[PDB]
Amino acid sequence: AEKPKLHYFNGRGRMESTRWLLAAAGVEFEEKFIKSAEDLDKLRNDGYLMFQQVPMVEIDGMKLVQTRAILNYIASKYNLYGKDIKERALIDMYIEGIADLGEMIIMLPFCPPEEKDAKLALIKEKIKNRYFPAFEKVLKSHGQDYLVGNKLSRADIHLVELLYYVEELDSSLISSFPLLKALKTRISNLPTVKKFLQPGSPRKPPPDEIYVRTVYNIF
Amino acid sequence: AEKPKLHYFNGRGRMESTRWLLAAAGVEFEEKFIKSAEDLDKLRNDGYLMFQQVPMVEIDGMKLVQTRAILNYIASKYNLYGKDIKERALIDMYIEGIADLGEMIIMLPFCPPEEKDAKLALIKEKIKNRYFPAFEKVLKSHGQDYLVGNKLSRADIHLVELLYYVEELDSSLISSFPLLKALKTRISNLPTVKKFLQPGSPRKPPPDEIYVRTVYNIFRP
Ligand SMILES: N[C@@H](CCC(=O)N[C@@H](CS)C(=O)NCC(=O)O)C(=O)O
Ligand SMILES: N[C@@H](CCC(=O)N[C@@H](CS)C(=O)NCC(=O)O)C(=O)O
């Protein structure tokens, strides 16, 4: 059985939460980068893409598409999805809030220039008034090092990845949230995450204008 | 002890897939309809909405927000989430396709009249050229009555809900997809689903301009 092989553009977009989770889990993977519309159309025409889209991951005999299908499978396989049905409800609730905020961040570079200020201001408002208070409250309420079950789960990994993007956006947004600051440091120091955070890993950068244009070209 | 209680507007939107799944699982539930901004504020103020949003379901002593958290819990509890990690992977892939389509459909009534025509045209095109082909191909690959593991799962339920909606929208779209038609018929005839499909059940109508205006009136009174 192979290393999982990740099909996506050479950028963050919709594959980056899978790169984080696999790296957090200590799992070696390979990437086949889509550089053109022709690369994508060949995957489609070869029947690799159930819904004609990427992300797609080749893992344990499957060609899985859909971010959540990929991540649930990885989380479940590497015991990062809790130990029972009630922990999974907490985990799902948390990571779905993270996905919603995440989505706004992923979509942001693609919005018309005249809308950016308004959209960014709204993401900053939701971070401050909605999402950071929600997660700080979880940490504050049980006083434990991990969001759920007193042990590392995907929710920790997904949230910390998000705290890194929020820092790139505005380093002060986290300032009033000391338990989130502390979660970020703790998880960043786990050997697997520490290595993924270091130069030269598969961690992808923020999108620049050449990438924004390229992603269009790939559609 | 208590029935699940579903906190939403009195219409489909983001709660309908849950009404379908619970009914398919044989679970009677209650609904508490949010009618005003006051009602929404009370749920928030009581601290029952983790991200200040609905849907919310009170089930088994918990208050579950996020549509997918709600559905995953229900599907796991009532054995509609396949039998192993690999079946769940197939289930999740299939149903996330449905969710992408669903998300366009649910937002359609709150589009400006100017974007509506094109949005609808796009929806139909994706049904016909992307999603119905994908699901037909899966049913054809194995010739079995159910999408995954040759037994009823949440994927069948969520697909068939989608097929009922697509029928309302344009009843010709399914015409080229004989295996989807057959699945729709089989699943519709299962005791629990048949009961949910009957007149007078909790199944909700398609949204009308009053539902739309109630939703706006709640978020922007
Ligand atoms: N719900 C899907 C969304 C995938 C998606 O939007 N994919 C884009 C690339 S980021 C794509 O393949 N676009 C081509 C298309 O939709 O026609 C997932 O989470 O994987
Ligand atoms: N990802 C969430 C989205 C929920 C959502 O957007 N709910 C809307 C109403 S249908 C809401 O409460 N909006 C008010 C707000 O976001 O302030 C889910 O699937 O439950």
# chains A, B, ... in the order shown; residues from 1 in each chain; ligands from 1

call {"tool": "residues_near_ligand", "arguments": {"ligand": "ligand 2", "cutoff": "7 Å", "atoms": "only C-alpha atoms and all ligand atoms", "output": "ChimeraX atom specification"}}
result
/A:96-97,100 /B:13-14,52-55,65-68,219

call {"tool": "residues_near_ligand", "arguments": {"ligand": "ligand 1", "cutoff": "6 Å", "atoms": "only C-alpha atoms and all ligand atoms", "output": "number ranges by chain"}}
result
A: 14, 53-55, 65-67; B: 100

call {"tool": "closest_atom_pairs", "arguments": {"of": "chain B", "to": "chain A", "cutoff": "7 Å", "atoms": "only C-alpha atoms", "output": "CSV"}}
result
residue,atom,partner,partner_atom,distance
B:50,CA,A:134,CA,6.4
B:51,CA,A:130,CA,6.1
B:65,CA,A:93,CA,6.3
B:66,CA,A:93,CA,5.8
B:69,CA,A:92,CA,4.9
B:73,CA,A:89,CA,6.1
B:85,CA,A:73,CA,6.6
B:89,CA,A:69,CA,5.5
B:92,CA,A:69,CA,4.8
B:93,CA,A:69,CA,5.0
B:96,CA,A:66,CA,6.3
B:97,CA,A:51,CA,7.0
B:130,CA,A:51,CA,6.0
B:131,CA,A:51,CA,6.6
B:134,CA,A:50,CA,6.1

call {"tool": "write_last_selection", "arguments": {"atoms": "N, CA, C and O atoms", "output": "PDB file, in the first residue's frame"}}
result
ATOM      1  N   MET B  50     -23.742  27.777  19.825  1.00  0.00           N
ATOM      2  CA  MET B  50     -22.293  27.903  20.004  1.00  0.00           C
ATOM      3  C   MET B  50     -21.683  28.980  19.086  1.00  0.00           C
ATOM      4  O   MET B  50     -20.733  29.663  19.474  1.00  0.00           O
ATOM      5  N   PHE B  51     -22.209  29.112  17.872  1.00  0.00           N
ATOM      6  CA  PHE B  51     -21.704  30.116  16.887  1.00  0.00           C
ATOM      7  C   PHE B  51     -22.766  31.174  16.586  1.00  0.00           C
ATOM      8  O   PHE B  51     -22.747  31.819  15.525  1.00  0.00           O
ATOM      9  N   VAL B  65     -25.378  22.247  17.296  1.00  0.00           N
ATOM     10  CA  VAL B  65     -25.427  23.121  16.124  1.00  0.00           C
ATOM     11  C   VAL B  65     -24.508  22.561  15.083  1.00  0.00           C
ATOM     12  O   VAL B  65     -23.753  21.582  15.358  1.00  0.00           O
ATOM     13  N   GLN B  66     -24.580  23.205  13.907  1.00  0.00           N
ATOM     14  CA  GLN B  66     -23.919  22.787  12.684  1.00  0.00           C
ATOM     15  C   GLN B  66     -24.580  21.576  12.061  1.00  0.00           C
ATOM     16  O   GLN B  66     -24.498  20.452  12.581  1.00  0.00           O
ATOM     17  N   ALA B  69     -22.753  18.361  12.088  1.00  0.00           N
ATOM     18  CA  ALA B  69     -22.590  17.720  13.406  1.00  0.00           C
ATOM     19  C   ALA B  69     -23.902  16.999  13.753  1.00  0.00           C
ATOM     20  O   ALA B  69     -23.893  15.800  14.108  1.00  0.00           O
ATOM     21  N   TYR B  73     -24.135  12.768  13.950  1.00  0.00           N
ATOM     22  CA  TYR B  73     -24.579  12.155  15.233  1.00  0.00           C
ATOM     23  C   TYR B  73     -25.775  11.234  15.012  1.00  0.00           C
ATOM     24  O   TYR B  73     -25.787  10.035  15.372  1.00  0.00           O
ATOM     25  N   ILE B  85     -14.775   2.201   8.420  1.00  0.00           N
ATOM     26  CA  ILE B  85     -14.143   3.445   8.002  1.00  0.00           C
ATOM     27  C   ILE B  85     -14.207   3.656   6.485  1.00  0.00           C
ATOM     28  O   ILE B  85     -14.457   4.775   6.008  1.00  0.00           O
ATOM     29  N   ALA B  89     -16.109   6.599   4.257  1.00  0.00           N
ATOM     30  CA  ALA B  89     -15.402   7.413   3.280  1.00  0.00           C
ATOM     31  C   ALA B  89     -16.266   7.549   2.022  1.00  0.00           C
ATOM     32  O   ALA B  89     -16.457   8.646   1.512  1.00  0.00           O
ATOM     33  N   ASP B  92     -19.382   9.694   2.942  1.00  0.00           N
ATOM     34  CA  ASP B  92     -19.036  11.106   3.067  1.00  0.00           C
ATOM     35  C   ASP B  92     -18.780  11.760   1.675  1.00  0.00           C
ATOM     36  O   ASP B  92     -19.183  12.894   1.427  1.00  0.00           O
ATOM     37  N   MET B  93     -18.073  11.057   0.806  1.00  0.00           N
ATOM     38  CA  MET B  93     -17.765  11.587  -0.533  1.00  0.00           C
ATOM     39  C   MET B  93     -19.084  11.874  -1.215  1.00  0.00           C
ATOM     40  O   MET B  93     -19.350  12.994  -1.662  1.00  0.00           O
ATOM     41  N   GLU B  96     -21.291  14.714   0.456  1.00  0.00           N
ATOM     42  CA  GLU B  96     -20.725  16.048   0.336  1.00  0.00           C
ATOM     43  C   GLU B  96     -20.961  16.611  -1.045  1.00  0.00           C
ATOM     44  O   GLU B  96     -21.162  17.824  -1.158  1.00  0.00           O
ATOM     45  N   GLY B  97     -21.036  15.756  -2.070  1.00  0.00           N
ATOM     46  CA  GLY B  97     -21.518  16.187  -3.413  1.00  0.00           C
ATOM     47  C   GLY B  97     -22.920  16.752  -3.364  1.00  0.00           C
ATOM     48  O   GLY B  97     -23.226  17.852  -3.890  1.00  0.00           O
ATOM     49  N   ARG B 130     -23.086  16.983 -13.971  1.00  0.00           N
ATOM     50  CA  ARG B 130     -22.137  16.662 -12.918  1.00  0.00           C
ATOM     51  C   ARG B 130     -22.668  15.635 -11.925  1.00  0.00           C
ATOM     52  O   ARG B 130     -22.082  14.552 -11.833  1.00  0.00           O
ATOM     53  N   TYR B 131     -23.770  15.948 -11.211  1.00  0.00           N
ATOM     54  CA  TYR B 131     -24.223  15.129 -10.065  1.00  0.00           C
ATOM     55  C   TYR B 131     -25.054  13.890 -10.421  1.00  0.00           C
ATOM     56  O   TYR B 131     -24.776  12.789  -9.923  1.00  0.00           O
ATOM     57  N   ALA B 134     -22.810  11.340 -11.768  1.00  0.00           N
ATOM     58  CA  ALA B 134     -21.937  10.735 -10.750  1.00  0.00           C
ATOM     59  C   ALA B 134     -22.690   9.657 -10.000  1.00  0.00           C
ATOM     60  O   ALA B 134     -22.179   8.578  -9.778  1.00  0.00           O
TER      61      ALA B 134
END

call {"tool": "residues_around", "arguments": {"residues": "stretch 173-189 of chain B", "least_positions_apart": "5", "cutoff": "7 Å", "atoms": "only C-alpha atoms", "output": "ChimeraX atom specification"}}
result
/B:128,136,139,145,160,194

call {"tool": "closest_residue", "arguments": {"among": "B:206, B:4, B:11, B:102", "to": "residue B:57", "atoms": "only C-alpha atoms"}}
result
B:4

call {"tool": "atom_distance", "arguments": {"atom1": "atom CA of residue A:141", "atom2": "atom CA of residue B:63"}}
result
16.2 Å

call {"tool": "select_by_dssp", "arguments": {"residues": "stretch 54-205 of chain A", "states": "helix (DSSP H, G or I)", "output": "number ranges by chain"}}
result
A: 67-77, 85-110, 113-142, 154-169, 178-188, 191-197
